[PDB]
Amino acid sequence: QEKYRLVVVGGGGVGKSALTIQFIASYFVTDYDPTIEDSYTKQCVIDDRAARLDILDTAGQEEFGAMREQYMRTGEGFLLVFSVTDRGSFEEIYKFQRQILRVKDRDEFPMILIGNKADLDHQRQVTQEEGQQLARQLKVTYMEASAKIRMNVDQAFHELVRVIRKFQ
């Protein structure tokens, strides 16, 4: 129908698992289950046509890094996500952006920079201005999100499928 294999890459504990199930189950989770590789599917019609969204919640433990070179070959849409309360993930997002372009041997590829845990303003270490800084540096679109309050959860995946069609 409309093949769209979405991939959620990022560091550890940045919120890839909470944001992924928020898009389908629409419920925020509080456990810290270190994800390895989980797949989710959801039919959406928010786009101008149908969409077979194949979401892949990837790992961020650095012990499953050999699995990065796999889903970066089959996916057509990525989400560079990080936690605004963790500068470590912020200074490690570009490493994900370099491996994707190196695998596919392309100048650019549809991906959206997501800043998660925006509700924890009392513990934010990466301000908003530093977020759009990496957006212009990586030539991607920046968008803050928060799985705890479900902010820009649908817009994050829907803006990703809009760059895939505008890629071609």
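Quick note: we count residues from 1 along the sequence shown, nothing fancier.
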{"query": "Comparing 42-50 with 107-115, the one whose average Cα B-factor in the PDB entry is higher", "finding": "42-50"}
{"query": "Lowest, middle or highest third - CA B-factor, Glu76", "finding": "highest"}
{"query": "Cα B factor band for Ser26 (lowest, middle or highest third within the chain)", "finding": "highest"}
{"query": "Third assignment of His122 from its chain's C-alpha B-factors", "finding": "lowest"}
{"query": "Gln99 - Cα temperature factor, lowest/middle/highest third of chain", "finding": "lowest"}
{"query": "B-factor third for the C-alpha atom of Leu138 within its chain", "finding": "highest"}
